[PDB]
Amino acid sequence: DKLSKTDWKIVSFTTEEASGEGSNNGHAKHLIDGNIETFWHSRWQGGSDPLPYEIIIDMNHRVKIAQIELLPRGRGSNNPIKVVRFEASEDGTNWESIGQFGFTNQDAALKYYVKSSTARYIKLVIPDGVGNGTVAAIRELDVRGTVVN
C-alpha cells in the first residue's frame, strides 16, 4: 500500500549528480519518479559536496505517515550509506524528526517504522559525523500511510 507519487515534487536538495549519470539518471527527481532503474546520486562529477545531505519532497497531499521505504542502488555497487534520518512538516517551515535508522546496500527495500506523524512535506537526511561518506544512491523513496481528506 505504497502511496502514489505522481503529484510529488522535489522542493530542494543539497546535492545531486546532474551530469555524470546522464540526463535521465542521478538527479534528485529520480528518487521519486517511480522508476526502479533510476536513482538519485550524490554529486561526484566535478567533485563531491560535503555532508550532511538532505532532499525535501512536497507530496502535494497531507498524509498520516506509517512507514517510509528506501530502495537502495544495490547490485554490488559502492553505496556505503550507514545512517539515514527523516523529518516531516505540515506547513513546510516547521520540521519534526521522525527517526534515525540504519542503511545497507541490499537489493530489497529498507522499511522504516517512523514516528507516527502527519505531513505534506518529508525530508530525507544523510547526516555528517556518523561515518556516511560522499557516495550515496537511492532508487526510490516511498511512503505507506493514509491521505487526509
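So for the sequence shown, the deposited numbering puts the first residue at 292; every next one is plus one.
All C-beta atoms, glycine included, are put in the ideal place defined by N, C-alpha and C.
Per DSSP, the unbroken beta strand (DSSP E) holding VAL438 starts and ends at 428-438. If the five residues before and after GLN397 are omitted, its C-beta is found closer than 8 Å to the C-beta atoms of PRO363 and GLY365, all from its own chain and listed in chain order. According to the DSSP assignment, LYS300 belongs to the beta strand (DSSP E) that extends over 300-304. Distances from the CA of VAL302 to each of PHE394, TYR403 and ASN351 were compared; the closest alpha carbon is that of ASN351. Each residue's CA atom was taken as its position, placing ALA410 and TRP299 some 13 Å apart. Separation of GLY390 and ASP433 (C-alpha to C-alpha, rounded to the nearest whole angstrom) is 16 Å. The continuous beta strand (DSSP E) containing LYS414 extends over residues 408-417.
Per DSSP, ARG334 lies in no beta strand (DSSP E) segment and is marked neither H nor E.
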